[PDB]
Amino acid sequence: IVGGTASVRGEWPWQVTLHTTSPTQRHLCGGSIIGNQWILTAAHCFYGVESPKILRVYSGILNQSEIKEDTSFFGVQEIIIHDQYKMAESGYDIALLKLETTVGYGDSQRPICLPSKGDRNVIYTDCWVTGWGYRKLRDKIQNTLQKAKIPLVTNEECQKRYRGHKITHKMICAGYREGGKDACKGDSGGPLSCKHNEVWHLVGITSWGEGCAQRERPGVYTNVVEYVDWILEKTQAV
Ligand SMILES: CC[C@@H]1CCC[C@H](NC(=O)/C=C/c2cc(Cl)ccc2-n2cnnn2)c2nc(c[nH]2)-c2ccc(NC(=O)OC)cc2NC1=O
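Now the structure itself:
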């Protein structure tokens, strides 16, 4: 996160750190608890991931230093990537991780509500991008979960900013015209959380941008409202 501040413990209890084990263990991406056995993340996070056997999901984490060999995690049973996904810049940058075990809900780990279909018309004014990513382009993964309040941007205004790209309605952008606050390397997969009627909703999944927090370069996010039916299709399968 660029231009953010340290989160407080329990502030984003749906936030998870998705770690890879091959060749050595390291943070890979962010993610959101959306069900007791479901993590919603970005499809691009699995580039060169041969099996879910190398993945470890950590919930209830504020500081990456909380993770050692004795720290408990959730194994990943299945990786479900949207089958229209080619690359982040083309959209469909959404994936579901089905966990081997059930998440025990408490004040340190709980699900974020998905946006309602009737909430496609609502205008969110309190949105936050969270993660353990870089504070600038050439940096390192942060120990403490960072947060940044970012304004939502119209598809039209985002399309002006990304000439040469096709910004679809399945994408949602966020950022200040002058930059300064944004997601960066290590944040992808994580949430873009918006508070509405005292209820947090998963509006976006951190996807891509040209650089980090640049003037007139909004962060591009997967527009979760547009994938509610795809999420239910995979999580509610008979
Ligand atoms: C499959 C491989 C995965 C995802 C690749 C894409 C991802 N993009 C992002 O995380 C965010 C992009 C982005 C998103 C928005 Cl919304 C706006 C502006 C953005 N950026 C544009 N240029 N940089 N960031 C990214 N993550 C890292 C570098 N780049 C990264 C850095 C460090 C570690 N681990 C580490 O040091 O452990 C000790 C792990 C990763 N993970 C990855 O390599």
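Count the sequence shown with mature numbering (1 follows the signal peptide of the UniProt record, and there is no 0) and you get residues 370 to 607, in order.
By construction, the Cβ of each residue, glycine as well, lies at the ideal position given by its N, Cα and C atoms.
A residue is called buried when at least 16 other Cβ atoms come within 10 angstroms of its Cβ; residue 400 meets this threshold and is buried. With a cut-off of 7 angstroms, the C-beta of residue 575 is classified as near ligand 1, since at least one heavy atom of the ligand falls inside that distance. Excluding residues up to 5 positions away in sequence, 460, 524, 527, 576, 589, 590, 591, 592 lie with their Cβ nearer than 8 angstroms to the Cβ of residue 540 in the same chain.
Residue state for residue 434 is assigned as helix, using DSSP reduced to three classes. Residue 518 carries a strand assignment under DSSP once its states are collapsed to helix, strand and coil. Residue environment for residue 595: buried (at least 16 other C-beta atoms within 10 angstroms of its C-beta). In the DSSP assignment, the residues bridged to residue 443 are 426.
Between ligand 1 and residue 589, a heavy atom-to-CB distance of less than 7 angstroms is present. Beta-carbon to beta-carbon, residue 491 and residue 587 are separated by about 19 angstroms, too far to satisfy the 8 angstroms threshold. Annotated three-state conformation of residue 393 is coil, per DSSP. In its chain, beyond the 5 residues on either side, 464, 465, 466, 467, 603 have a beta carbon closer than 8 angstroms to the beta carbon of residue 449. The beta-carbon distance between residue 374 and residue 515, rounded to whole angstroms, is 7 angstroms. This is short enough to meet the 8 angstroms contact definition. In the same chain as residue 549, and ignoring 5 residues on each side of it, the C-beta atoms closer than 6 angstroms to its own belong to 372, 582, in chain order. Straight-line spacing of the CA atoms in residue 416 and residue 546 works out to 31 angstroms.
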